[PDB]
Every structure is written in C-alpha cells, then in structure tokens.
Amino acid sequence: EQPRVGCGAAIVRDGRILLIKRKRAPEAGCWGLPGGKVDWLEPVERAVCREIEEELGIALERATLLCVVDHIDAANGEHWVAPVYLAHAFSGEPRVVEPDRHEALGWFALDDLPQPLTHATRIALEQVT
C-alpha cells in the first residue's frame, strides 16, 4: 500500500567500513550496512542507535546524517526510504548478536569491498568516498 521508513549506519574507522552479512531475504547473502525499521513514534536517530545495538552490541556516539536511500523494488512489492547516518565513534565491540539473521561481520577497506553488497550500501558508499 505505502512507503515504509527504514534506517542505517555507515560505521567507518581507519578507512574501513563495518559490514554485516545477511542470512535472510530480502537481499539474502549480501553484505551491508546495519539498520532496520523505524518504530511507531520513535525518532529516526533513536532508531539508528537501537537497531545497531540490537544487531552489533555497540552504542553509537555522535552519528551525523549522510544520505537517504530509496529502496524501490516493485517486483517484490517493497518500498523503503532509509536515512543513513555516519558514525566514527561508538562503545563496545561489534559482534553478531543475532545468529539467525546474520552470519558474518567485518571491517572492509573502501577500495576492496566484499560482494555482493546491499543496494543501501552501494548508495551510501557513493556519498562517503
């Protein structure tokens, strides 16, 4: 019926980005930015923090707006619009908190990215560098 609101985080340290590999559709088997849906009555920035905490077990500090991703896929019947925030700083150490949803995690150099990447990640990366 109508477009849904998502969000994401581009977590970058030392010219490397933190990517997580999805097990489940959509975009199953792709490496991508952490993120997810914004909940009813939740500010978008509190959603980025919560969702990265839920997925990676870390707490973002000082995340700034980077871009907005259109995820339009008429064939599979979905439309998400997803603001993506850049973060250089956080507390805790990243881990796959939910083994049912993700099966790998890593720091990758922006010139040597893994494949395949989620659409959201390709668009985000065109902004960063």
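Numbering starts at 1 and follows the sequence shown.
Per the deposited record, 78 carries the highest C-alpha B-factor of all listed residues (42, 70, 98, 78). When the CA B factors of the chain's modelled residues are split into thirds, the value for residue 106 lands in the lowest one. Sort the chain's modelled residues by C-alpha temperature factor and residue 57 lands in the middle third, per the entry.
Looking at the C-alpha B-factors along this chain, the one for residue 16 belongs to the highest third.
The deposited CA B-factor of residue 82 belongs to the lowest third of values across its chain. In the deposited entry, the Cα temperature factor of residue 94 sits in the middle third of values across the chain's modelled residues.
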